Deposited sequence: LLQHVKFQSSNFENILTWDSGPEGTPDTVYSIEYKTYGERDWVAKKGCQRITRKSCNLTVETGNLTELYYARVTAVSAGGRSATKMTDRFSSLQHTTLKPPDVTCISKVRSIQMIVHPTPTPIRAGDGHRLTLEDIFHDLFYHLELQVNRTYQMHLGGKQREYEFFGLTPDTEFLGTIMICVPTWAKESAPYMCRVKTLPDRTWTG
């Protein structure tokens, strides 16, 4: 019939998926926990695909949601677990710009935009949504040891490096109170060679 009806959420992009005939037909409804009426997702009635983008319809962070799939051969219905985007969402690696210099590596963390929009206004970032959000940055030196930097700020720079040497930068977003940690962004970079007489 229908197994594994559930949400996947990454950066508050909320995708419903399911699995288990070859000519089987899927129709989707969604609803807010605490309201009585099921709504039909437009673009996802009588589909053959196993996927449905609810990012817009499950995008109020103070609500919880239910969704439900009706299947029938060429019938049975299953609903999801109660869904909270805040709880469920995974975080993508941050977008970072790593700049090599001769004796440092600078890293600029860009804010991460989100499909969440603030009442009458701009799309919110992760930094707006989680007040406790911070960055953890590591530079692996030799292969023996690590330099650690971190905080809420966005620009960082590792000082004291040898010219002309390979390092590995890894940068994560951390939201400690929700036990969230992103996939790492990684940059493998060489400090530039030192051709001047400044040491």
Report summary line: Check: deposited residues absent from the model (no CA) fall at 21 to 24, 79 to 81
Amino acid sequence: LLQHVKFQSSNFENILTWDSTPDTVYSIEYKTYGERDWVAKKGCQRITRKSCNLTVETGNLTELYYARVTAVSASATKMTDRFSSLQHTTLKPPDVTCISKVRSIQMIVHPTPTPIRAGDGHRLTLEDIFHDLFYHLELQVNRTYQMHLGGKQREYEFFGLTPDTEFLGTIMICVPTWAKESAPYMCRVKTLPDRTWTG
From here on, numbers count along this sequence of modelled residues.
Query raised in the report: Of the two stretches 118 to 126 and 81 to 89, which shows the higher Cα B-factor on average in the entry?
Result: 118 to 126
Report summary line: The stretch carrying the higher mean Cα B factor in the deposited entry, 152 to 160 or 48 to 56, is 48 to 56
Requested in this report: Compare the CA B factors listed in the entry for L61, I28, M147, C174 and report the winner.
Outcome: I28
Requested in this report: Ordered by C-alpha B-factor within the chain, which third holds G169? Give me lowest, middle or highest, please.
Outcome: lowest
Query raised in the report: Relative to the other modelled residues in the chain, which third contains the C-alpha temperature factor of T17: lowest, middle or highest?
Result: middle
**Report entry** Record-listed C-alpha B factor of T112: chain third
**Finding:** middle
Query raised in the report: What third of its chain's C-alpha B-factors does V102 belong to: lowest, middle or highest?
Result: middle
Report summary line: Temperature factor at the Cα of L139, chain-ranked in thirds, falls in the lowest
